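The structure appears right after this line, and notes come after that.
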Amino acid sequence: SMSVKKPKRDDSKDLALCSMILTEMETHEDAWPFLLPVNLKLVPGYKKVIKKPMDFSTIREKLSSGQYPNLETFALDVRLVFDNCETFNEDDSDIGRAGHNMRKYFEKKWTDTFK
């Protein structure tokens with residue numbers, strides 16, 4: 001509360017560390033469904049159904065331009081990518097499986113880097 005603060009957790013490396021994680025997500029072999037925004041002209045249903053599209057290139061630009069106020073807003077967008085994927089794709093599809101694999105990969109890197 002006012003003039004009462006928990007000890008200051010060092011957040012000075014978060015930007016660099018989120019960038020490293022994002023690099024590792026970008027270079028994963030199953031990243032291909034997530035590298036670029038879904039083409040809303042070419043994919044029926046996407047625009048109406050997925051209220052907040054998100055992809056790794058969009059996260060990378062937001063990261064690089066100071067549009068994440070803290071590491072939690074970064075994780076929210078990464079998770080959004082996978083939550084969108086599960087909303088639109090069957091579990092038993094290449095993309096559906098890719099999304100599960102990437103979410104697992106992300107969550108481990110997140111826990112190991114920060115928790």
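Every chain in the structure tokens has a letter given in the order shown (A, B, ...), and although residue numbers restart at 1 in each chain, ligands are simply numbered from 1 in the order shown.
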Next on the checklist: Would you pick out the contacts of segment 69-80 of chain A at 9 Å or less, using only C-alpha atoms, so that residues sharing its chain but fewer than 4 positions from it are not included, and give the list as a VMD selection string?
Outcome noted: chain A and resid 11 14 to 15 18 22 52 to 56 59 62 to 63 84 to 85 103 106 110
Checklist entry - Got a sec: who's within 10 Å of residue 32 of chain A, counting only C-alpha atoms, leaving out chain neighbours fewer than 3 positions off, as a PyMOL selection string? => result chain A and resi 26-29+35-36+56+95+98
Next on the checklist: Excluding residue 96 of chain A and its own-chain neighbours fewer than 5 positions away, which residues fall within 10 Å of it when counting only C-alpha atoms? Please give them as a list in words.
Outcome noted: residues 33, 82, 85, 86, 87, 88, 89, 90, 91 and 101 of chain A
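By only C-alpha atoms, and with residues fewer than 2 positions from residue 109 of chain A along its chain excluded, the set lying at most 10 Å from it is residues 18, 20, 21, 22, 24, 25, 103, 104, 105, 106, 107, 111, 112, 113, 114 and 115 of chain A.
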